[PDB]
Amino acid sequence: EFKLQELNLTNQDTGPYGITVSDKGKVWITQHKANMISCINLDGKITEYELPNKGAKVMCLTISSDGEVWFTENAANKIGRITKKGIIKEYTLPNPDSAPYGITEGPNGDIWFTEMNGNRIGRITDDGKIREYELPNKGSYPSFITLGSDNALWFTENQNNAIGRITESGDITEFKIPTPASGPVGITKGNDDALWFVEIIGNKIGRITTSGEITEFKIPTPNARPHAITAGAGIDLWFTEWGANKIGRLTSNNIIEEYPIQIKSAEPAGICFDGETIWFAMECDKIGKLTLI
């Protein structure tokens, strides 16, 4: 089957939350307590990137096409950027207290992000111009954001019980999730080209096509409280089960397997896939990897 190994961090302050891998097996984590971003080299060595000002609350991050690490500062109203030369750039948002969270690359290279308190999708270029698009509904609380097969950006709307679609010209479109007040969180592009997402409340894995067709699959463990979802090999879809302390896998026939992490109360957050290893961040000071064999 599979096997579960947890790497313990040496910094114990830190709060590992968002995770990503690169064009080698370099894993990058956001650490919201330490107020820094660390990278674990292919074989061994961590390198931390301490932010200039304290209290930024570093949440999601992504590796851009031109070798840069982009991240959001939830409490500092900023978009961050580590260049290939290792320097940190920070970009303040137009409106006070927008609370940026999710982040991913756009089809043209631009970096798009969600603003939770701001209630608007964002957009930023390397030379750092920003333009935003207000959502239609009051307090949608947009969260994760992913790039779909139709080259529009797809985002979950935690309060508005919806999956949102935004294309290049800022045209926004929303699809109401059948499960009332399900509170969607993680969203990702599946290898079948549909958008897959989690329901923290509904306790369901959601699938939405580009057309808009929705199908749902119930998570076997009650109150699992899923946070982040990533695509694995073939049709696999892995997800961190924060409340159940497990790693969920949606495999063949849309069946959900759940692998217990069970070092207790670990708080699994962000999750990704390098081609062989499912990597996931645990807020309780460790990093989890999961291989089949």
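Counting begins at 1, following the sequence as shown.
The PDB entry reports B-factors from which the mean C-alpha value can be compared for 250 to 258 and 221 to 229; the larger average falls on 250 to 258. The PDB entry records a higher mean C-alpha B factor for 32 to 40 than for its counterpart among 32 to 40 and 62 to 70. When the C-alpha B-factors of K189, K84, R207, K78 are read from the PDB record, the largest value belongs to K84. Within the selection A194, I88, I201, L153, the deposited Cα B-factor values reach their highest point at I88. Sorting the modelled residues of the chain by their CA temperature factor places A266 in the highest third. Sort the modelled residues of the chain by CA B factor and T92 lands in the highest third. Among the modelled residues of its chain, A99 has a C-alpha B-factor that falls in the lowest third according to the deposited record.
Sorting the modelled residues of the chain by their CA temperature factor places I163 in the middle third. Sorting the modelled residues of the chain by their CA temperature factor places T114 in the lowest third.
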